[PDB]
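See below for the structure under consideration.
Indexing begins at 1, ligand by ligand and atom by atom, following the structure's order. Lettering of chains follows the sequences in order, A, B, ..., and the numbering in each one begins at 1.
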Amino acid sequence: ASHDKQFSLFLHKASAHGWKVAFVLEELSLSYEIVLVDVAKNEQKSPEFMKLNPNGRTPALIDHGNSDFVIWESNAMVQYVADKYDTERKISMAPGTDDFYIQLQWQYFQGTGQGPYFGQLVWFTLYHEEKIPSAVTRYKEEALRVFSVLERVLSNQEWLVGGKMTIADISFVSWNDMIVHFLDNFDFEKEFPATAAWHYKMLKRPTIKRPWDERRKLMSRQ
Amino acid sequence: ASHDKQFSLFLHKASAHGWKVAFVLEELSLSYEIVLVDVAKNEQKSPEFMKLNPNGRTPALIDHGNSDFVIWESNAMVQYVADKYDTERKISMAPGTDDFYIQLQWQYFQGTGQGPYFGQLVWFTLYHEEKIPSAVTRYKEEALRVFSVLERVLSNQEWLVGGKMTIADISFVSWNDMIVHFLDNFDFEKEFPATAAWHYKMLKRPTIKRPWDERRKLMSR
Ligand SMILES: N[C@@H](CCC(=O)N[C@@H](CSc1ccc([N+](=O)[O-])cc1[N+](=O)[O-])C(=O)NCC(=O)O)C(=O)O
Ligand SMILES: N[C@@H](CCC(=O)N[C@@H](CSc1ccc([N+](=O)[O-])cc1[N+](=O)[O-])C(=O)NCC(=O)O)C(=O)O
Ligand SMILES: N[C@@H](CCC(=O)N[C@@H](CSc1ccc([N+](=O)[O-])cc1[N+](=O)[O-])C(=O)NCC(=O)O)C(=O)O
Ligand SMILES: N[C@@H](CCC(=O)N[C@@H](CSc1ccc([N+](=O)[O-])cc1[N+](=O)[O-])C(=O)NCC(=O)O)C(=O)O
Ligand SMILES: [Cl-]
Ligand SMILES: [Cl-]
């Protein structure tokens with residue numbers, strides 16, 4: 001609304017979560033308009049935005065092609081998008097199959113295991129009132145542990161599920177690229193070779209590079 | 001496989017996450033056996049369990065009614081059970097509907113918002129190598145914020161989605177009951193009246209009380 005795209009995607013430019021959804025929209029050739037919700041100015045707690053998400057966090061999605069259907073939680077947004085619109089199953093497992101729920105498994109690992117613990121690392125590095133080395137260390141270690149989990153699997157198979165790149169793989173990309181800068185003496189390709197190759201393979205895709213490049217642009221300027 | 005139940009449910013007794021799955025299994029008349037994986041002995045990091053879940057955390061599920069299908073992540077386990085076995089849709093939204101994805105939304109809020117932040121509150125209270133009041137406060141405030149979000153919604157509608165109790169609602173129960181007993185001088189019913197009523201309504205269900213009673217038994221002297 002105010003644009004002619006199928007989706008409105010409300011996100012904060014610095015966040016991992018909205019760009020993840022952008023990746024998936026790009027893969028599926030779905031038109032979207034990015035609507036910036038600036039967490040730095042507390043806009044995610046604006047009453048207008050909280051009408052979209054009572055949690056008052058980015059991102060959120062409106063599907064103008066489905067009666068302006070509103071949905072939040074980035075993982076749920078991805079799932080909605082892929083399930084409804086990836087009917088050829090280019091990048092997703094078919095709903096109502098075993099593999100679908102393995103796909104779901106990995107997305108919950110992303111959303112509950114990668115996101116929150118990566119996020120606490122950033123928090124205690126950048127944002128917490130006190131600088132607390134033991135807290136920074138905690139979530140550094142946990143980030144590395146997450147990498148080791150991915151490596152455990154990816155060293156033995158190309159993709160997380162179904163023998164192809166899916167929304168399961170894609171979901172990890174944004175956070176994994178962001179977290180590198182927050183780890184000391186860290187050589188991603190050296191420490192986790194299979195995970196690194198997997199990561200940088202996806203990031204090379206124009207469908208993923210484009211949105212990520214736009215994040216970069218948006219962030220270069222205040 | 002040593003028992004004749006449809007499901008092996010691997011959980012740690014003290015964790016919120018396994019019992020959640022139990023709730024759903026009970027609701028859906030599905031037979032299961034609980035297999036305790038003892039985090040106190042680091043059993044979740046054993047080679048045997050890590051074959052089930054490379055993440056090396058509880059819980060995990062084996063569906064012996066589906067060729068010993070193995071799945072982990074408690075929210076994914078719930079969705080699998082419900083989607084496959086709630087054919088009359090007693091407590092779940094139909095796959096391939098808008099409401100399914102609102103249902104999924106709320107489960108992700110549970111899994112990514114309630115769980116991890118509640119967990120960090122417990123961690124910095126009990127387990128961290130040093131006491132850090134600013135860290136405890138952070139996650140104590142976040143916990144209350146989660147309650148606030150539920151209250152914002154549940155004070156204006158009975159259930160989270162679809163006008164009935166679903167796995168969306170059920171998913172919150174175990175962590176909520178743990179945190180409200182965890183927190184000192186906290187009057188749940190006073191502080192968040194709609195959420196409290198919604199909470200205790202579910203906990204009164206025999207299908208939910210049964211597993212929760214078993215947890216309390218296991219947790220006790
Ligand atoms: N004050 C708010 C955050 C305000 C803020 O500055 N937000 C950041 C995003 S947080 C953030 C900041 C840096 C990185 N990072 O890639 O290193 C990741 C995240 N993040 O969202 O997890 C932002 O808008 N930056 C815009 C810009 O850079 O121009 C808080 O305390 O959480
Ligand atoms: N589980 C949700 C998580 C959404 C989320 O984390 N949203 C953040 C994005 S911004 C963000 C996300 C991560 C981090 N970080 O520090 O890791 C910093 C920032 N930030 O803008 O300051 C947000 O709105 N936070 C503001 C708030 O909670 O009030 C999802 O996947 O959609
Ligand atoms: N070595 C492990 C210890 C694991 C452990 O012993 N489990 C805890 C439960 S963790 C826990 C403790 C308190 C609360 N709580 O909400 O009060 C929630 C959780 N939890 O598992 O989420 C426990 O009390 N069991 C041993 C016993 O009962 O003898 C660690 O440090 O994390
Ligand atoms: N997202 C996953 C979360 C799984 C999870 O948290 N598992 C815990 C359960 S025990 C647990 C869960 C929460 C808390 N807590 O402190 O809140 C304490 C304990 N504990 O046993 O010490 C675990 O295995 N932890 C051990 C590990 O990571 O190595 C899911 O929903 O399945
Ligand atoms: Cl976002
Ligand atoms: Cl568990």
Side-chain angles (χ1 to χ4, degrees), chain A residues 9-22 34-39 43-44 49 53 55 57-61 72-75 77 104-117 119 141-142 145-146 149 174-175 178 215 218, chain B residues 9-22 34-46 49-50 52-53 55-61 71-79 107-108 110-128 139 143 171 174-175 178-179 182 211 215 218-219:
Chain A
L9 177 59
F10 303 77
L11 62 78
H12 176 61
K13 57 180 173 172
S15 165
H17 301 107
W19 297 110
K20 167 176 65 200
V21 187
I34 293 170
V35 180
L36 290 189
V37 177
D38 190 354
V39 174
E43 280 168 25
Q44 82 280 16
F49 181 77
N53 186 358
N55 198 30
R57 310 185 85 192
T58 62
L61 190 67
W72 49 278
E73 275 307 314
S74 56
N75 293 115
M77 293 157 60
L104 189 58
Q105 168 191 272
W106 282 108
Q107 280 172 281
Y108 270 107
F109 182 56
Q110 198 272 309
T112 78
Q114 184 202 42
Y117 293 93
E141 292 178 339
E142 176 65 17
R145 198 197 64 84
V146 168
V149 174
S174 52
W175 250 131
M178 295 168 54
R215 174 177 189 267
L218 291 179
Chain B
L9 178 61
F10 299 81
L11 69 77
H12 175 63
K13 64 178 179 179
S15 166
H17 301 298
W19 299 109
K20 169 175 66 193
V21 183
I34 292 162
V35 187
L36 290 182
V37 177
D38 188 347
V39 167
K41 296 183 183 183
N42 315 295
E43 291 188 348
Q44 83 284 12
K45 301 298 181 193
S46 69
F49 184 73
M50 286 191 75
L52 297 184
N53 181 2
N55 190 29
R57 313 185 84 190
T58 65
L61 193 63
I71 184 165
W72 47 277
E73 276 305 316
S74 59
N75 297 112
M77 291 153 65
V78 170
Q79 196 76 68
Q107 287 175 91
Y108 268 110
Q110 195 276 309
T112 78
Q114 191 205 35
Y117 289 103
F118 283 24
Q120 304 322 285
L121 173 53
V122 181
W123 174 266
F124 284 108
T125 299
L126 292 179
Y127 295 137
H128 198 60
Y139 297 111
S171 292
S174 48
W175 248 131
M178 291 165 61
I179 217 60
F182 171 87
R215 173 174 189 280
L218 297 176
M219 286 293 286

* Whether A:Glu43 side chain and A:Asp38 backbone form a donor-acceptor pair below 3.5 Å -> yes
* Asked: Between the main-chain N or O of A:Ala16 and the side-chain N or O of A:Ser174, is there a donor-acceptor pair closer than 3.5 Å?
  -> yes
* Please write down residue, atom name and distance for the protein heavy atom closest to atom 2 (C) of ligand 4. => B:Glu73 OE1, 3.3 Å
* Selection from B:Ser15, B:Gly111, A:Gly113 by shortest heavy-atom distance to atom 9 (C) of ligand 4 -> B:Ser15
* So, is B:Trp123 polar-close to ligand 4, with some N/O to N/O distance under 3.5 Å? -> no
* contact_flag B:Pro59 ligand 4 heavy-atom lt 4.0 Å -> yes
* Asked: Does A:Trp19 offer a backbone N or O that forms a donor-acceptor pair with the side chain of A:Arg215 under 3.5 Å?
  -> no
* Look at atom 19 (C) of ligand 4 and say whether a protein heavy atom is found at less than 4.0 angstrom from it. => no
* B:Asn55 side chain to B:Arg57 backbone, donor-acceptor under 3.5 Å -> no
* Asked: Under the criterion side chain to side chain contact (heavy atoms under 4.5 Å, CB included), which of B:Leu61, B:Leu52, B:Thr58, B:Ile34 is the partner of B:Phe10?
  -> B:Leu52
* To do: Please report the C-alpha distance between B:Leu9 and B:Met77 in whole Å, then the side-chain angles of each, then the deciding distance to 0.1 Å, and finally whether the side chain to side chain contact (heavy atoms under 4.5 Å, CB included) criterion is met.
  => CA-CA 10 Å; B:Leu9 178 61; B:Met77 291 153 65; 3.7 Å; yes
* Asked: So which protein heavy atom does atom 17 (O) of ligand 4 come closest to, and at what separation?
  -> B:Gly119 CA, 3.1 Å
* Asked: So which protein heavy atom does atom 31 (O) of ligand 4 come closest to, and at what separation?
  -> B:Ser74 OG, 2.6 Å
* To do: Return a yes/no value: protein heavy atom under 4.0 Å from atom 27 (C) of ligand 4?
  => yes
* **B:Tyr127 and ligand 4 - part of the residue with a heavy-atom distance under 4.0 Å** => side chain
* Counting only heavy atoms, which portion of B:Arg57 has something under 4.0 Å from ligand 4: side chain, backbone, both, or neither? -> both
* Counting from 1, what ligand 4 atoms have a heavy atom of B:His17 closer than 4.0 Å? -> 3 (C), 4 (C), 5 (C), 6 (O), 31 (O)
* Asked: Just which atoms of ligand 4 are under 4.0 Å from any heavy atom in A:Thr112?
  -> 1 (N)
* Asked: Heavy-atom contacts under 4.0 Å between B:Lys45 and ligand 4: side chain, backbone, both, or neither?
  -> side chain
* Asked: For B:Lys20 and B:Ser74, what are the C-alpha separation, side-chain angles and deciding distance, and is it a side chain to side chain donor-acceptor pair (under 3.5 Å)?
  -> CA-CA 8 Å; B:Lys20 169 175 66 193; B:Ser74 59; 2.7 Å; yes
* To do: Starting from atom 22 (O) of ligand 4, find the nearest protein heavy-atom neighbour and note its residue, name and distance.
  => B:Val39 CG1, 4.0 Å
* To do: Record the part of B:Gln44 in heavy-atom contact with ligand 4 below 4.0 Å; permitted values are side chain, backbone, both and neither.
  => side chain
* Drop me the distance from B:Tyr108's OH to B:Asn75's CG, to the nearest 0.5 angstrom. => 8.0 Å
* Given that the side chain starts at C-beta and the backbone is N, CA, C, O, which of these parts of B:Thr58 lies under 4.0 Å from ligand 4, counting heavy atoms, or is it both or neither? -> both
* **Polar proximity ligand 4 side, B:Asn75 side, N/O cut 3.5 Å exclusive** => no
* **Within reach of ligand 4, part of B:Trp175 (heavy-atom separation under 4.0 Å)** => side chain
* Parallel, tilted or perpendicular for B:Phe124 and B:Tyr139, by the 30°/60° rule? -> parallel
* **B:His12 side chain vs B:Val39 backbone, donor-acceptor pair below 3.5 Å** => yes
* **B:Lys13 side-chain N/O to B:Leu218 backbone N/O, donor-acceptor pair under 3.5 Å** => yes
